[PDB]
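The structure appears right after this line, and notes come after that.
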Amino acid sequence: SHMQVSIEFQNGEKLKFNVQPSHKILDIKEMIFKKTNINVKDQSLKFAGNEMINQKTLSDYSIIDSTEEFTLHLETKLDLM
């Protein structure tokens, strides 16, 4: 089976993405970029009221090893320009 994460938008709709224990939070920005075309420099993601770091892995945050699945939030007023 493939394992997945959800991304919640400012319009209140969602996307879904395939992941593996190797991926960094910057690779999540890259997969979003390959869908939405919003440049990774401009976009950022949140969970439980904190902003996630581009240097870290899904495993350092416990995102696939926790007791629950994930939806990550897109930050306020993000757009192509």
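Quick note on naming: the chains in the structure tokens go A, B, ... in the order shown, residues restart at 1 in each chain, and ligands are numbered from 1 in order of appearance.
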- Find the residues near range 24-37 of chain A: any atom within 9 Å, counting only C-alpha atoms, skip ones fewer than 6 places away on the same chain, and give them as a list in words.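 With the cut-off at 9 Å, the set is residues 7, 15, 17, 43, 44, 45, 52, 53, 54, 55, 56, 57, 58, 59 and 80 of chain A.
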Hey, can you spit out that residue selection with C-alpha atoms as a PDB file, in the first residue's frame?
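Everything below was put into part_33.pdb:
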ATOM      1  CA  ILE A   7      -2.917  19.594   2.239  1.00  0.00           C
ATOM      2  CA  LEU A  15      -5.203  17.942  -2.157  1.00  0.00           C
ATOM      3  CA  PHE A  17      -0.115  13.290  -1.897  1.00  0.00           C
ATOM      4  CA  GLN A  43       4.861  28.726  -0.062  1.00  0.00           C
ATOM      5  CA  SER A  44       4.862  27.422   3.577  1.00  0.00           C
ATOM      6  CA  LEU A  45       2.997  24.731   5.621  1.00  0.00           C
ATOM      7  CA  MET A  52       7.335  23.376   9.414  1.00  0.00           C
ATOM      8  CA  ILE A  53      11.050  23.597   8.441  1.00  0.00           C
ATOM      9  CA  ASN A  54      12.447  22.842   4.950  1.00  0.00           C
ATOM     10  CA  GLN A  55      15.631  21.171   6.374  1.00  0.00           C
ATOM     11  CA  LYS A  56      13.737  18.413   8.321  1.00  0.00           C
ATOM     12  CA  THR A  57      12.237  15.004   7.423  1.00  0.00           C
ATOM     13  CA  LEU A  58       8.693  13.616   7.908  1.00  0.00           C
ATOM     14  CA  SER A  59      10.269  11.209  10.481  1.00  0.00           C
ATOM     15  CA  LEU A  80       1.538  32.673  -7.437  1.00  0.00           C
TER      16      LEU A  80
END
- Which residues, written as an NGL selection string, have at least one atom at most 9 Å from residue 9 in chain A, with only C-alpha atoms counted and residues fewer than 2 positions away on the same chain left out? :A and (7 or 11-15 or 73-75)
- Counting only C-alpha atoms, the option among A:78, A:63, A:3, A:38 closest to residue 16 in chain A: A:3
- Among A:10, A:62, A:18, A:39, residue 76 in chain A is approached most closely, using only C-alpha atoms, by A:10
- Message: As an exercise, work out the distance from CA of residue 79 in chain A to CA of residue 60 in chain A in Å and give it to one decimal place.
- Response: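 Computed distance, CA of residue 79 in chain A to CA of residue 60 in chain A, equals 28.2 Å.
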